[PDB]
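*Asks:* Have a look at the structure that comes next, please.
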Amino acid sequence: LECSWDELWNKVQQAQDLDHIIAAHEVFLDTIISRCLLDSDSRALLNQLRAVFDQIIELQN
Amino acid sequence: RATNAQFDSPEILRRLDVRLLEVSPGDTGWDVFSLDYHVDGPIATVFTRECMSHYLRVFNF
Amino acid sequence: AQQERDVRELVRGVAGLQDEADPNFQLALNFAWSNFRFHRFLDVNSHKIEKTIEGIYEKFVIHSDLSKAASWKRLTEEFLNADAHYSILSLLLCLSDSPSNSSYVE
Amino acid sequence: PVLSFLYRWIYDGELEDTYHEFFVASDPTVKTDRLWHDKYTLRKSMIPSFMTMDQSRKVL
Amino acid sequence: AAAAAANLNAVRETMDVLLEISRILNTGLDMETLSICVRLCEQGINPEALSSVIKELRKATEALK
């Protein structure tokens with residue numbers, strides 16, 4: 001949220017077409033989709049992330 | 001009303017309202033809550049609903 | 001005829017009572033048939049069922065579980081092609097309405 | 001007449017024809033926010049050869 | 001015949017689809033009890049009542065635990 005916010009903020013603050021505003025929104029969101037572990041390929045990483053979340057609630061008990 | 005959120009625009013404050021998830025009975029009380037910022041105005045043309053869904057997913061992470 | 005044998009077998013299966021000469025078997029059976037004959041529900045609304053299925057799919061896509069979302073859509077769309085459909089769906093839905101969210105490894 | 005139809009789409013921007021002579025194919029069957037994305041599409045057969053592709057795309 | 005076996009094949013196919021439905025929805029139902037309730041539904045029976053009885057007998061077998 002500082003790199004991607006800057007990228008978005010540039011390609012909106014210049015944008016001479018409404019379409020450029022639109023095609024600015026699209027890519028900014030999809031970059032966030034990629035940086036977070038939300039892809040059809042990065043499932044395996046997310047799976048380990050859920051198990052690193054499990055032991056936190058386990059320790060509480 | 002208590003915090004600094006109060007000063008901000010009534011438009012966006014109006015557009016922010018709660019939604020809930022499905023399958024509520026079996027406790028899981030932490031999965032049930034959500035924020036949905038609803039868009040229905042002229043600006044829906046630039047904030048499309050399929051990206052609204054994506055904002056909910058990133059909110060959830 | 002087959003209906004009665006089925007209610008017997010349902011008692012045997014879910015209740016774990018494999019001996020019909022147990023009084024508890026006959027009590028569970030009498031309970032089951034008295035529940036069946038106590039008409040107290042509206043008939044199944046197919047449109048409400050459809051809405052619930054679609055929402056289940058949306059909850060799967062919201063939680064980035066795409067293999068489960070794709071499976072959910074594919075299985076439900078195949079099943080809804082050749083009333084009793086929506087019946088069995090509502091049945092399963094109510095049956096374990098807990099959270100039942102993980103259920104991975106398709 | 002073609003050049004008349006062009007300024008019916010710059011200084012008017014409301015297209016209405018019963019014959020295909022212009023390079024925009026309007027959709028008067030719905031839209032209310034999908035208007036921008038879909039309601040006007042390039043008819044790729046009524047572009048003349050004294051109008052390059054850039055010009056037509058931008059006029060649409 | 002042949003077409004009387006093809007129908008028994010396609011029926012088991014749709015039942016297998018429902019069996020995969022049951023495991024991804026993480027429902028506790030098994031193949032045997034659903035094979036019971038389908039023949040129940042052929043005469044016509046309300047699934048609200050089917051669910052109301054199975055929720056009790058499933059809670060009568062955690063009482064045998």
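Going by the structure tokens order, chains are called A, B, ..., each with residues numbered from 1, while ligands are numbered from 1 in the order shown.
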Show me, as a list in words, the residues that have an atom within 8 Å of residue 54 (chain E) when counting only C-alpha atoms, minus same-chain residues fewer than 3 positions from it.
*Replies:* residues 14 and 95 of chain C; 50, 51, 57 and 58 of chain E
*Asks:* Grab the residues selected above and save them as a tab-separated table (two decimals), in the first residue's frame with N, CA, C and O atoms.
*Replies:*
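And here is the file that came out, part.tsv:
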chain	number	residue	atom	x	y	z
C	14	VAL	N	-29.09	-43.58	11.40
C	14	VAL	CA	-28.72	-42.35	12.10
C	14	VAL	C	-28.69	-42.58	13.60
C	14	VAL	O	-27.79	-42.11	14.30
C	95	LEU	N	-29.69	-29.51	7.72
C	95	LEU	CA	-29.13	-30.69	8.37
C	95	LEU	C	-27.84	-30.45	9.15
C	95	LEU	O	-27.73	-30.86	10.31
E	50	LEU	N	-37.63	-34.47	7.22
E	50	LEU	CA	-36.47	-35.34	7.13
E	50	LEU	C	-35.28	-34.76	7.90
E	50	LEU	O	-34.58	-35.47	8.63
E	51	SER	N	-35.06	-33.46	7.77
E	51	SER	CA	-33.97	-32.82	8.49
E	51	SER	C	-34.25	-32.75	9.98
E	51	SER	O	-33.33	-32.95	10.79
E	57	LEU	N	-31.94	-37.84	15.62
E	57	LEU	CA	-31.31	-39.16	15.77
E	57	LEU	C	-29.80	-39.06	15.74
E	57	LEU	O	-29.11	-39.92	16.30
E	58	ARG	N	-29.27	-38.05	15.07
E	58	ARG	CA	-27.85	-37.75	15.19
E	58	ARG	C	-27.53	-37.25	16.58
E	58	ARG	O	-26.43	-37.49	17.08
*Asks:* Counting only C-alpha atoms, which residues of chain B sit at most 12 Å from some atom of chain C, and what is each one's closest atom pair with its distance in Å to one decimal, listed by chain and rising residue number, as CSV?
*Replies:*
residue,atom,partner,partner_atom,distance
B:20,CA,C:59,CA,10.5
B:21,CA,C:59,CA,7.2
B:22,CA,C:56,CA,7.1
B:23,CA,C:99,CA,5.5
B:24,CA,C:99,CA,6.8
B:25,CA,C:98,CA,5.4
B:26,CA,C:98,CA,3.5
B:27,CA,C:98,CA,7.3
B:28,CA,C:99,CA,6.8
B:29,CA,C:99,CA,10.0
B:30,CA,C:99,CA,11.5
B:31,CA,C:99,CA,9.4
B:32,CA,C:99,CA,10.4
B:34,CA,C:62,CA,11.1
B:50,CA,C:62,CA,10.9
B:51,CA,C:62,CA,11.4
B:52,CA,C:62,CA,10.6
B:53,CA,C:62,CA,6.9
B:54,CA,C:62,CA,7.6
B:55,CA,C:62,CA,9.4
B:56,CA,C:62,CA,6.9
B:57,CA,C:62,CA,5.3
B:58,CA,C:62,CA,9.1
B:59,CA,C:62,CA,10.0
B:60,CA,C:63,CA,7.6
B:61,CA,C:63,CA,8.7
*Asks:* So which bits of chain B end up strand (DSSP E) when you DSSP the backbone, as a list in words?
*Replies:*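 DSSP on the backbone gives strand (DSSP E) at residues 16, 17, 18, 19, 34, 35, 36 and 37 of chain B.
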*Asks:* Can you check which residues of chain A DSSP gives as alpha helix (DSSP H) on the backbone and send them as a PyMOL selection string?
*Replies:* chain A and resi 3-13+18-35+43-60
*Asks:* Work out how far apart CA of residue 59 (chain E) and CA of residue 17 (chain E) are and give it in Å to one decimal.
*Replies:*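 Atom-to-atom, CA of residue 59 (chain E) to CA of residue 17 (chain E), that is 27.1 Å.
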*Asks:* List as JSON lines every residue of chain A that is in contact with chain C, defined as an atom at most 12 Å from one of its atoms (using only C-alpha atoms), together with the nearest atom pair and the distance in Å rounded to one decimal, sorted by chain and then rising number.
*Replies:*
{"residue": "A:33", "atom": "CA", "partner": "C:64", "partner_atom": "CA", "distance": 10.4}
{"residue": "A:36", "atom": "CA", "partner": "C:64", "partner_atom": "CA", "distance": 11.2}
{"residue": "A:37", "atom": "CA", "partner": "C:64", "partner_atom": "CA", "distance": 9.5}
{"residue": "A:38", "atom": "CA", "partner": "C:64", "partner_atom": "CA", "distance": 6.4}
{"residue": "A:39", "atom": "CA", "partner": "C:64", "partner_atom": "CA", "distance": 8.1}
{"residue": "A:40", "atom": "CA", "partner": "C:66", "partner_atom": "CA", "distance": 7.6}
{"residue": "A:41", "atom": "CA", "partner": "C:66", "partner_atom": "CA", "distance": 11.1}
{"residue": "A:42", "atom": "CA", "partner": "C:64", "partner_atom": "CA", "distance": 11.0}
{"residue": "A:43", "atom": "CA", "partner": "C:65", "partner_atom": "CA", "distance": 9.0}
{"residue": "A:46", "atom": "CA", "partner": "C:64", "partner_atom": "CA", "distance": 10.2}
{"residue": "A:47", "atom": "CA", "partner": "C:104", "partner_atom": "CA", "distance": 10.6}
{"residue": "A:50", "atom": "CA", "partner": "C:102", "partner_atom": "CA", "distance": 10.9}
*Asks:* Take the selection from the previous step and output its residues with C-alpha atoms, as an mmCIF file, in the first residue's frame.
*Replies:*
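File written: again_17.cif
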data_model
loop_
_atom_site.group_PDB
_atom_site.id
_atom_site.type_symbol
_atom_site.label_atom_id
_atom_site.label_comp_id
_atom_site.auth_asym_id
_atom_site.auth_seq_id
_atom_site.Cartn_x
_atom_site.Cartn_y
_atom_site.Cartn_z
ATOM 1 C CA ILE A 33 -4.407 -9.488 -5.922
ATOM 2 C CA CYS A 36 -1.458 -10.804 -1.535
ATOM 3 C CA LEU A 37 -1.606 -14.566 -1.678
ATOM 4 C CA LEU A 38 -4.819 -14.793 -3.650
ATOM 5 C CA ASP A 39 -3.893 -16.459 -6.963
ATOM 6 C CA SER A 40 -4.749 -19.779 -8.580
ATOM 7 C CA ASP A 41 -1.047 -20.643 -8.286
ATOM 8 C CA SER A 42 -0.157 -19.292 -4.816
ATOM 9 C CA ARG A 43 -2.670 -21.582 -3.076
ATOM 10 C CA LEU A 46 -1.759 -19.705 1.553
ATOM 11 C CA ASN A 47 -2.258 -23.252 2.836
ATOM 12 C CA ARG A 50 -3.553 -21.004 7.460
#
*Asks:* Which residues are close to residue 29 (chain D), i.e. within 12 Å by only C-alpha atoms, leaving aside same-chain residues fewer than 6 positions away? Reply as an MDAnalysis selection string.
*Replies:* chainID D and resid 35 38:40
*Asks:* Got a sec to pull out which chain A residues are within 12 Å of chain D, counting only C-alpha atoms, and send them as a tab-separated table (two decimals) with N, CA, C and O atoms, in the first residue's frame?
*Replies:*
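Wrote iface.tsv, looks like this:
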chain	number	residue	atom	x	y	z
A	17	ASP	N	-8.02	10.71	-19.90
A	17	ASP	CA	-9.24	10.05	-20.30
A	17	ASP	C	-9.87	9.39	-19.08
A	17	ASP	O	-9.19	9.02	-18.12
A	18	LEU	N	-11.21	9.29	-19.13
A	18	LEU	CA	-11.94	8.52	-18.13
A	18	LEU	C	-11.54	7.05	-18.20
A	18	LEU	O	-11.45	6.38	-17.17
A	19	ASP	N	-11.28	6.55	-19.41
A	19	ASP	CA	-10.75	5.21	-19.61
A	19	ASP	C	-9.40	5.02	-18.95
A	19	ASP	O	-9.09	3.91	-18.53
A	22	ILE	N	-10.09	4.38	-15.49
A	22	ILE	CA	-10.65	3.03	-15.36
A	22	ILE	C	-9.55	1.97	-15.41
A	22	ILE	O	-9.42	1.11	-14.51
*Asks:* Select residues of chain B: the criterion is any atom within 10 Å of an atom of chain D, counting only C-alpha atoms; output as a ChimeraX atom specification.
*Replies:* /B:40-46,48
*Asks:* Report as a short mmCIF file (atom, residue, chain, number, x, y, z; two decimals) with C-alpha atoms, in the first residue's frame all protein, DNA and RNA residues lying within 9 Å of residue 92 (chain C), evaluated on only C-alpha atoms, omitting residues in the same chain fewer than 5 positions from it.
*Replies:*
data_model
loop_
_atom_site.label_atom_id
_atom_site.label_comp_id
_atom_site.auth_asym_id
_atom_site.auth_seq_id
_atom_site.Cartn_x
_atom_site.Cartn_y
_atom_site.Cartn_z
CA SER C 87 -36.03 -30.40 -1.39
CA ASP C 97 -26.01 -25.56 9.00
CA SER E 22 -22.11 -33.71 0.61
CA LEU E 25 -20.41 -28.82 1.96
CA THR E 27 -22.34 -32.39 5.70
CA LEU E 29 -24.58 -37.46 5.70
CA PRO E 47 -37.25 -32.42 3.65
CA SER E 51 -33.97 -32.82 8.49
#
*Asks:* Please measure the separation of CA of residue 25 (chain D) and CA of residue 41 (chain D), giving the value in Å to one decimal.
*Replies:* 5.2 Å
*Asks:* Which neighbours of residue 46 (chain C) fall inside 12 Å, counting only C-alpha atoms, when residues of the same chain fewer than 3 positions from it are skipped, and could you give them as a list in words?
*Replies:*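 Neighbouring residues, sequence-local ones excluded: residues 42, 43, 49, 50, 51, 52, 53, 80, 83, 84, 85, 86, 87, 88, 89 and 90 of chain C.
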*Asks:* Quick one: write out the picked residues with N, CA, C and O atoms as a JSON list (two decimals), in the first residue's frame?
*Replies:*
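Saved the output as selection25.json:
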[["chain", "number", "residue", "atom", "x", "y", "z"],
["C", 42, "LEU", "N", -44.21, -24.61, 5.62],
["C", 42, "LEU", "CA", -44.57, -24.30, 4.25],
["C", 42, "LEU", "C", -43.82, -25.25, 3.31],
["C", 42, "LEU", "O", -42.74, -25.76, 3.63],
["C", 43, "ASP", "N", -44.42, -25.50, 2.15],
["C", 43, "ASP", "CA", -43.76, -26.26, 1.09],
["C", 43, "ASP", "C", -42.53, -25.50, 0.60],
["C", 43, "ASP", "O", -42.40, -24.29, 0.77],
["C", 49, "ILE", "N", -34.37, -21.41, -2.40],
["C", 49, "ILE", "CA", -33.30, -22.39, -2.47],
["C", 49, "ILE", "C", -32.24, -21.95, -3.45],
["C", 49, "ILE", "O", -31.04, -21.98, -3.14],
["C", 50, "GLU", "N", -32.67, -21.48, -4.63],
["C", 50, "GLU", "CA", -31.75, -21.02, -5.67],
["C", 50, "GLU", "C", -30.90, -19.87, -5.17],
["C", 50, "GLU", "O", -29.68, -19.88, -5.34],
["C", 51, "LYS", "N", -31.54, -18.92, -4.48],
["C", 51, "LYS", "CA", -30.83, -17.80, -3.86],
["C", 51, "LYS", "C", -29.78, -18.28, -2.86],
["C", 51, "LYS", "O", -28.66, -17.76, -2.83],
["C", 52, "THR", "N", -30.13, -19.29, -2.06],
["C", 52, "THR", "CA", -29.19, -19.78, -1.05],
["C", 52, "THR", "C", -27.98, -20.46, -1.70],
["C", 52, "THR", "O", -26.85, -20.26, -1.25],
["C", 53, "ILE", "N", -28.22, -21.23, -2.77],
["C", 53, "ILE", "CA", -27.13, -21.89, -3.51],
["C", 53, "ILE", "C", -26.18, -20.86, -4.09],
["C", 53, "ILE", "O", -24.95, -20.98, -3.98],
["C", 80, "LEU", "N", -29.15, -29.83, -10.99],
["C", 80, "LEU", "CA", -30.46, -29.20, -11.22],
["C", 80, "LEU", "C", -31.04, -29.48, -12.60],
["C", 80, "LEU", "O", -32.05, -28.87, -12.98],
["C", 83, "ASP", "N", -37.72, -29.79, -8.24],
["C", 83, "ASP", "CA", -38.63, -29.80, -7.10],
["C", 83, "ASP", "C", -38.04, -30.62, -5.97],
["C", 83, "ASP", "O", -37.74, -30.09, -4.90],
["C", 84, "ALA", "N", -37.88, -31.92, -6.24],
["C", 84, "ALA", "CA", -37.21, -32.80, -5.29],
["C", 84, "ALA", "C", -35.75, -32.42, -5.13],
["C", 84, "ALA", "O", -35.15, -32.68, -4.07],
["C", 85, "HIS", "N", -35.17, -31.82, -6.16],
["C", 85, "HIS", "CA", -33.85, -31.20, -6.13],
["C", 85, "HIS", "C", -33.74, -30.25, -4.95],
["C", 85, "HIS", "O", -33.07, -30.58, -3.96],
["C", 86, "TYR", "N", -34.51, -29.16, -5.02],
["C", 86, "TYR", "CA", -34.53, -28.10, -4.01],
["C", 86, "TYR", "C", -34.87, -28.65, -2.64],
["C", 86, "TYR", "O", -34.37, -28.15, -1.62],
["C", 87, "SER", "N", -35.72, -29.68, -2.61],
["C", 87, "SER", "CA", -36.03, -30.40, -1.39],
["C", 87, "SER", "C", -34.76, -30.95, -0.73],
["C", 87, "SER", "O", -34.43, -30.57, 0.40],
["C", 88, "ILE", "N", -34.03, -31.81, -1.45],
["C", 88, "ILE", "CA", -32.81, -32.44, -0.93],
["C", 88, "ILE", "C", -31.77, -31.39, -0.55],
["C", 88, "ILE", "O", -31.05, -31.53, 0.45],
["C", 89, "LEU", "N", -31.72, -30.31, -1.32],
["C", 89, "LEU", "CA", -30.77, -29.23, -1.04],
["C", 89, "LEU", "C", -31.08, -28.55, 0.29],
["C", 89, "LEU", "O", -30.18, -28.38, 1.12],
["C", 90, "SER", "N", -32.34, -28.16, 0.49],
["C", 90, "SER", "CA", -32.77, -27.57, 1.75],
["C", 90, "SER", "C", -32.55, -28.50, 2.92],
["C", 90, "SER", "O", -32.19, -28.07, 4.02]]
*Asks:* Hey, what's within 12 Å of residue 30 (chain E) if we count only C-alpha atoms and toss same-chain stuff fewer than 5 positions away? As a list in words, please?
*Replies:*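 What passes the distance filter is residues 10, 13, 14 and 92 of chain C; 15, 16, 18, 19, 20, 21, 22, 23, 35, 36, 37 and 54 of chain E.
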*Asks:* Using N, CA and C atoms, can you write the selected residues to a file as a short mmCIF file (atom, residue, chain, number, x, y, z; two decimals), in the first residue's frame?
*Replies:*
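File written: out11.cif
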data_model
loop_
_atom_site.label_atom_id
_atom_site.label_comp_id
_atom_site.auth_asym_id
_atom_site.auth_seq_id
_atom_site.Cartn_x
_atom_site.Cartn_y
_atom_site.Cartn_z
N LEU C 10 -33.62 -45.63 8.24
CA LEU C 10 -33.14 -44.33 8.67
C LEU C 10 -32.94 -44.30 10.18
N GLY C 13 -29.79 -46.42 10.83
CA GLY C 13 -28.58 -45.75 10.42
C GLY C 13 -28.19 -44.56 11.26
N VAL C 14 -29.09 -43.58 11.40
CA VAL C 14 -28.72 -42.35 12.10
C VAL C 14 -28.69 -42.58 13.60
N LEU C 92 -30.20 -30.93 3.23
CA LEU C 92 -28.77 -30.94 3.55
C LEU C 92 -28.35 -29.64 4.21
N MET E 15 -26.47 -39.45 -8.21
CA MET E 15 -26.22 -39.72 -6.80
C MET E 15 -24.76 -39.51 -6.41
N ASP E 16 -23.82 -39.83 -7.30
CA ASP E 16 -22.41 -39.57 -7.05
C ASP E 16 -22.11 -38.08 -7.03
N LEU E 18 -24.28 -35.82 -6.01
CA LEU E 18 -24.73 -35.43 -4.68
C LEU E 18 -23.78 -35.89 -3.58
N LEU E 19 -23.11 -37.02 -3.78
CA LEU E 19 -22.14 -37.47 -2.80
C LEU E 19 -20.92 -36.56 -2.75
N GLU E 20 -20.54 -35.98 -3.88
CA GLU E 20 -19.47 -35.00 -3.84
C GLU E 20 -19.97 -33.67 -3.26
N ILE E 21 -21.25 -33.34 -3.49
CA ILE E 21 -21.89 -32.18 -2.86
C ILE E 21 -21.83 -32.30 -1.35
N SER E 22 -22.06 -33.50 -0.83
CA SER E 22 -22.11 -33.71 0.61
C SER E 22 -20.75 -33.56 1.27
N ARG E 23 -19.68 -33.90 0.56
CA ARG E 23 -18.37 -33.79 1.19
C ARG E 23 -17.79 -32.39 1.08
N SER E 35 -29.37 -42.79 0.39
CA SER E 35 -30.07 -43.82 -0.36
C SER E 35 -31.41 -44.17 0.26
N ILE E 36 -31.52 -44.04 1.58
CA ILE E 36 -32.82 -44.15 2.23
C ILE E 36 -33.72 -42.97 1.85
N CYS E 37 -33.22 -41.74 1.98
CA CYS E 37 -34.12 -40.59 1.85
C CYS E 37 -34.54 -40.33 0.40
N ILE E 54 -33.49 -36.28 11.34
CA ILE E 54 -32.08 -36.69 11.34
C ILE E 54 -31.28 -35.87 12.35
#
*Asks:* Grab the CA of residue 38 (chain E) to CA of residue 65 (chain E) distance for me, in Å with one decimal place.
*Replies:*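 According to the coordinates, CA of residue 38 (chain E) and CA of residue 65 (chain E) are separated by 28.3 Å.
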*Asks:* What's around residue 14 (chain D) at 10 Å? Count only C-alpha atoms, leave out sequence neighbours fewer than 5 positions away in its own chain, and write the answer as a PyMOL selection string.
*Replies:* chain D and resi 8-9+26
